[PDB]
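Working notes, structure below.
Taken together, the values in this text are just the output of simple stated rules run on the coordinates, not laboratory data. Quick reminder, even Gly has a Cβ in these numbers, built from the backbone with ideal geometry, and neighbours come from all protein chains shown.
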Number of protein chains: 2
Amino acid sequence: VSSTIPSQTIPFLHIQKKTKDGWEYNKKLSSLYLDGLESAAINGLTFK
Amino acid sequence: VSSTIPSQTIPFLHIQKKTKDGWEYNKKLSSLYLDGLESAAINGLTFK
């Protein structure tokens, strides 16, 4: 679903990174989080 | 002294404005504050 994130739009759920200006949306971390969410939705998420 | 603020450099003392991204340096408000400080240094500042 990260590839399906549209260009220039910030997803509704997103991981922010810290920079000199402050916290800002990070495409890479948001990609990782959204892919994890997709895997949790399809295969499930384990907490053993 | 505001005119003597160098271009593209943020003064050591400066007023920030609020924007969608957060608090950021504002040339206009920093100009006003620095001019007030210059006047306080030269002529003095009153609190009557």
Check A:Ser30, A:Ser2 and return the single one that is in contact with a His (Cβ under 7 Å, 6 or more places away or on another chain), surrounded by 13 or more Cβ atoms within 10 Å (Cβ to Cβ) and not hydrophobic (A, V, I, L, M, F, W, C). A:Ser30
When residues of the stretch B:20-34 are limited to those that are without any contact (Cβ under 8 Å) to a residue 12 or more places away in the chain and either in a strand (DSSP E or B) or within 23 Å of A:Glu24 (Cβ to Cβ) (or both), the one nearest to the other protein chains (Cβ to nearest Cβ): B:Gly22
